[PDB]
Amino acid sequence: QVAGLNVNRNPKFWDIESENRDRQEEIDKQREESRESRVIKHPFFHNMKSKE
Amino acid sequence: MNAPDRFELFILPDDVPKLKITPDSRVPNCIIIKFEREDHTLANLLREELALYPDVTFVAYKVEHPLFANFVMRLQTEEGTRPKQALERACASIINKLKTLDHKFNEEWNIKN
Amino acid sequence: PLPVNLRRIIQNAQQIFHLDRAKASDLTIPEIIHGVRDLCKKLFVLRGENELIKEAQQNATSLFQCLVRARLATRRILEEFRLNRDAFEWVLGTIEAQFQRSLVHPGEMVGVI
Amino acid sequence: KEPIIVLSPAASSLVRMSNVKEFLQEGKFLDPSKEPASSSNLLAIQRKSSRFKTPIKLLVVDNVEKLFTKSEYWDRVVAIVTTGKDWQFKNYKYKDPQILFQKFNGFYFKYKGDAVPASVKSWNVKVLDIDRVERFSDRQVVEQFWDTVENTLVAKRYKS
Amino acid sequence: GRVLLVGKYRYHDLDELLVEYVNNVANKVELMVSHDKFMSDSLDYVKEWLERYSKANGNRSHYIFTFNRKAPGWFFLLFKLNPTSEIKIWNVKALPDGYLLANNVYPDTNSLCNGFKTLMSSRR
Amino acid sequence: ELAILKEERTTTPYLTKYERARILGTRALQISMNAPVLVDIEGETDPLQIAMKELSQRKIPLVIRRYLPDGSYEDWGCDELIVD
């Protein structure tokens with residue numbers, strides 16, 4: 001039970017497409033996260049790229 | 001107020017093992033035995049029994065603190081003999097000595113009764 | 001009372017490098033002279049190249065330099081102590097390090113002490 | 001037959017084949033991380049002692065897999081250098097560290113002030129400290145190491 | 001991590017992994033390079049040299065090894081039975097315990113060559 | 001103005017015991033407040049022990065500012081001060 005409101009979603013008077021598009025927009029925003037680098041202490045460890 | 005219960009001198013908690021054995025790697029064929037809820041009565045008996053065995057080269061014990069009822073024993077035998085076997089032999093030998101002592105005392109008491 | 005015990009350092013060197021035996025030393029006299037002379041200039045109590053700073057630094061270690069030169073004389077080193085080379089650099093380095101360790105630390109509340 | 005000194009092939013070891021010659025023989029300690037890696041796993045060093053009239057030639061071996069095919073080589077081992085790692089002893093004569101360390105001299109090199117690993121404290125090995133800054137004590141540490149090694153050599157009645 | 005995995009190989013620390021895997025792989029690579037049947041040049045030049053040598057010595061089958069520039073840590077085994085036979089290339093992987101050819105582990109280069117000859121004889 | 005250039009620093013090049021104690025305390029507190037650790041920890045858990053391990057390896061990211069009596073100061077990094 002999420003859409004408990006009884007708002008008439010008739011496409012003639014309701015823009016279902018806009019609400020759906022905003023819904024995937026916010027869901028993709030939820031999917032978005034953050035990542036950071038890793039630090040390791042070892043004599044032969046170097047934070048370099050493959051080509052580097 | 002802070003005095004411990006007197007039964008803690010001899011009553012063993014369930015989680016505390018009576019007898020913990022850890023090897024002593026500094027010298028070959030040596031083990032360290034930790035006796036819980038024991039004192040000089042068992043320790044001195046075992047030590048002086050083991051000191052007479054030709055295959056036991058080092059035996060000692062110490063009570064770390066008089067306020068705690070436990071002692072730790074160091075045993076170190078020859079190459080052929082595992083120390084735990086020597087400890088078992090000591091226990092059995094003292095048991096036989098006590099058994100014959102009891103028998104002789106009973107005989108003497110009956111004679112002199 | 002003077003810093004860094006020289007007698008202890010010398011006998012430590014003798015024990016470390018086994019300076020016994022009638023073996024002849026390989027320590028040339030110019031090495032002894034130059035080593036002691038250079039050591040008497042690395043006892044830093046005050047840092048800086050200022051002339052007044054240098055004069056104060058020279059004043060602060062007069063008695064200790066007299067002690068060091070009295071102990072580490074050429075004849076005494078070659079005959080009484082019989083140090084070899086390696087013992088000699090070890091003694092010089094140890095003297096310098098211990099002197100650096102014996103200075104007072106900034107932030108001492110010496111008035112209360 | 002020259003005696004054998006065994007080094008740990010671990011990269012964290014303070015003494016490796018690259019800098020073993022300058023350290024044990026010349027008495028000068030260099031940081032092995034900066035030194036280039038040495039391709040040869042066998043090296044020979046010379047030791048001058050007051051206990052012996054002539055210098056002693058010794059062989060330093062990093063890996064015993066390719067040089068200890070015969071059991072008689074183990075009779076020549078006079079020192080073992082370990083990093084406190086169990087996996088060094090997979091192919092050794094005594095795969096258990098304890099028995100190896102009562103039957104051989106074990107040395108562990110650490111910087112002064114660093115904490116000893118737990119396994120090292122549980123083994124019968126000597127602890128030798130090298131200062132990070134002052135370099136005059138390197139000769140003293142080397143002298144202690146060679147004192148132990150020479151005691152073992154004299155006890156073995158080695159001929160030179 | 002307390003446990004390190006390199007394929008089926010399992011290790012417990014970085015130094016153990018390094019010494020047991022990388023050093024052995026490098027030693028096997030050097031043994032392959034120092035082997036008499038090795039050529040580090042380009043694959044096309046290796047093919048041309050093999051063609052020329054087979055044409056000159058058509059009485060025997062010739063096999064040579066070369067670097068796998070596309071797949072690092074591998075080797076290409078090119079063998080030509082006769083001048084009329086096409087050059088066939090086989091894949092060899094540099095493993096710590098040896099060389100993997102036709103799902104078979106050969107401890108040394110000479111053992112690898114003997115195994116290759118035996119495989120050719122059996123398949124013939 | 002008040003800062004003293006690195007070339008003309010004349011204070012002792014060693015870590016005094018007060019500086020060592022204060023540095024260890026501050027680093028231990030920071031580690032206990034979830035600061036990143038710049039050295040590998042084998043099995044240690046005490047913040048003070050981790051701080052001592054960091055100090056021994058010259059990895060503490062702190063700067064000592066030594067105040068001269070006139071108000072000028074010298075900034076010394078804990079990685080360039082010699083520790084016994």
# chains A, B, ... in the order shown; residues from 1 in each chain; ligands from 1
>>> residues_around(residues="residue 100 (chain C)", least_positions_apart="2", cutoff="10 Å", atoms="only C-alpha atoms", output="list in words")
residues 4, 42, 43, 44, 45, 94, 95, 96, 97, 98, 102, 103 and 104 of chain C; 12 and 14 of chain F
>>> interface_residues(of="chain C", to="chain F", cutoff="8 Å", atoms="only C-alpha atoms", output="ChimeraX atom specification")
/C:47-48,105-107
>>> interface_residues(of="chain D", to="chain F", cutoff="10 Å", atoms="only C-alpha atoms", output="ChimeraX atom specification")
/D:111-115,117,131-133
>>> residues_around(residues="residue 1 (chain F)", least_positions_apart="4", cutoff="12 Å", atoms="only C-alpha atoms", output="PDB file with N, CA and C atoms, in the first residue's frame")
ATOM      1  N   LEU F   5      62.204  31.052   8.354  1.00  0.00           N
ATOM      2  CA  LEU F   5      62.435  30.249   7.162  1.00  0.00           C
ATOM      3  C   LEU F   5      63.104  28.928   7.521  1.00  0.00           C
ATOM      4  N   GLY F  71      57.985  35.821  20.191  1.00  0.00           N
ATOM      5  CA  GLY F  71      56.758  35.638  19.450  1.00  0.00           C
ATOM      6  C   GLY F  71      56.933  34.966  18.108  1.00  0.00           C
ATOM      7  N   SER F  72      58.132  34.998  17.538  1.00  0.00           N
ATOM      8  CA  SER F  72      58.377  34.268  16.307  1.00  0.00           C
ATOM      9  C   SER F  72      58.351  32.770  16.578  1.00  0.00           C
ATOM     10  N   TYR F  73      58.201  31.989  15.512  1.00  0.00           N
ATOM     11  CA  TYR F  73      58.034  30.555  15.662  1.00  0.00           C
ATOM     12  C   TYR F  73      58.712  29.818  14.518  1.00  0.00           C
ATOM     13  N   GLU F  74      58.987  28.541  14.758  1.00  0.00           N
ATOM     14  CA  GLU F  74      59.513  27.632  13.754  1.00  0.00           C
ATOM     15  C   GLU F  74      58.553  26.466  13.585  1.00  0.00           C
TER      16      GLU F  74
END
>>> select_by_dssp(residues="chain F", states="helix (DSSP H, G or I)", output="PyMOL selection string")
chain F and resi 6-8+17-32+47-56
>>> closest_atom_pairs(of="chain D", to="chain A", cutoff="10 Å", atoms="only C-alpha atoms", output="CSV")
residue,atom,partner,partner_atom,distance
D:11,CA,A:43,CA,7.9
D:12,CA,A:43,CA,7.7
D:33,CA,A:43,CA,7.1
D:34,CA,A:43,CA,9.7
>>> interface_residues(of="chain A", to="chain F", cutoff="9 Å", atoms="only C-alpha atoms", output="list in words")
residues 39, 40, 41 and 42 of chain A
>>> interface_residues(of="chain C", to="chain D", cutoff="10 Å", atoms="only C-alpha atoms", output="VMD selection string")
chain C and resid 13 16 to 21 23 86 to 87 89 to 94 97
>>> select_by_dssp(residues="region 27-124 of chain E", states="strand (DSSP E or B)", output="list in words")
residues 38, 62, 63, 64, 65, 66, 67, 74, 75, 76, 77, 78, 79, 80, 88, 89, 90, 91, 92, 93, 94, 95, 98, 99, 100, 101, 104, 105 and 106 of chain E
>>> interface_residues(of="chain D", to="chain E", cutoff="12 Å", atoms="only C-alpha atoms", output="number ranges by chain")
D: 8-13, 37, 39-41, 62-63, 65-66, 83, 85-91
>>> write_last_selection(atoms="C-alpha atoms", output="CSV table (one decimal), in the first residue's frame")
chain,number,residue,atom,x,y,z
D,8,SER,CA,64.5,-15.2,4.1
D,9,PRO,CA,63.3,-14.6,0.5
D,10,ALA,CA,60.6,-12.3,1.9
D,11,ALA,CA,60.5,-8.8,0.6
D,12,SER,CA,60.1,-7.3,4.1
D,13,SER,CA,63.4,-8.7,5.3
D,37,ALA,CA,67.1,-6.8,-6.6
D,39,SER,CA,69.5,-12.0,-9.6
D,40,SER,CA,71.9,-14.5,-8.0
D,41,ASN,CA,70.6,-16.5,-5.1
D,62,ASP,CA,68.4,-17.3,-0.2
D,63,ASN,CA,66.4,-20.2,-1.5
D,65,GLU,CA,64.8,-25.5,-2.9
D,66,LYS,CA,67.4,-25.6,-5.7
D,83,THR,CA,60.9,-12.7,9.0
D,85,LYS,CA,56.6,-16.1,8.7
D,86,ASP,CA,55.6,-19.7,8.8
D,87,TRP,CA,55.6,-20.3,5.1
D,88,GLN,CA,59.4,-20.0,4.9
D,89,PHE,CA,59.6,-23.5,6.3
D,90,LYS,CA,57.4,-25.5,3.9
D,91,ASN,CA,60.4,-27.2,2.2
>>> atom_distance(atom1="CA of residue 113 (chain C)", atom2="CA of residue 21 (chain F)")
19.6 Å
